[PDB]
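Next up: a single chain in structure tokens, the form deposited in one PDB entry.
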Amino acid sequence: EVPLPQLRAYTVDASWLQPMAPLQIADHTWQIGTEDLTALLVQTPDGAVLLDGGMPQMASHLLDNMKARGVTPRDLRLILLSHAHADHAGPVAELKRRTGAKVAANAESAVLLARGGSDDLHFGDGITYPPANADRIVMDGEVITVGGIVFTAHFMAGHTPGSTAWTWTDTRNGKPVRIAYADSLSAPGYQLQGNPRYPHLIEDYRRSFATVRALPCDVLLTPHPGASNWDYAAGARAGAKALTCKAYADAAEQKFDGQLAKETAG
């Protein structure tokens, strides 16, 4: 009669998988992912930090761009994550096997990462990736220092329970630049109200809008660059149109309020 369906691969728009050469953000910060997925390399005298890696199949491209930047596999010391979904943490397990890198994440992100994104609160097992273990668990507001660059965690639960913004200060033209890598504030296909797997979802999102609003934020970057109005293919104008953290938070709250209203009506 009728067999069970085949497994369906997690497929994405081609631009999410389009390799790009390293794009400099500030003196020591580079976008090294693809056109439409962020993966940030921060280079220090004492080794390199990677914030996100994009999709699972991006590992070799990431290592190629690191090499181009002067970063060997031994030189990658630390991987940080916005959140532990397949399109942002996808290649973490493989990067750990192929480099010196250790992962630091909050408890929520660590337990989702360790199950490869399976049993997702909203997606079930539809969007899985190779599991990885965290080496260090961070608390809200905790700092991690690499080669003199200080990264601060700001929890902003919602898109996932463990969603995190990471902030650090780089330089450019001799001046300090406070970079805010703010996580996703979307809720794609989520049941927002009365969700038994996430009862306080709405409150957490609202607190997260306020957290993002208030971040130290000369420059905002986001895991999907379009959410902060970056265009990584636009070269010297890639960041010209970028949103402030205040504007990003406001746009995400407006969208969220619309989704709530549509869910009540739907």
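Counting begins at 1, following the sequence as shown. Shifts are known only where both forms have a C-alpha. We call the rigid core whatever largest set of C-alpha positions still superposes within 1.5 Å between the two forms.
Beyond what is shown, the protein has a form deposited in another entry; the following relates to that form.
- With the core superposed, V12 shows a C-alpha displacement of at least 2 Å between the shown form and the other one.
- Relative to this form, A14 and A252 separate from one another in the other form, with their C-alpha atoms ending up at least 3 Å farther apart.
- The protein segment that moves between the shown form and the other one, counted as a run of at least three consecutive residues with every Cα displaced by 2 Å or more relative to the fitted core, is 1-16 alone.
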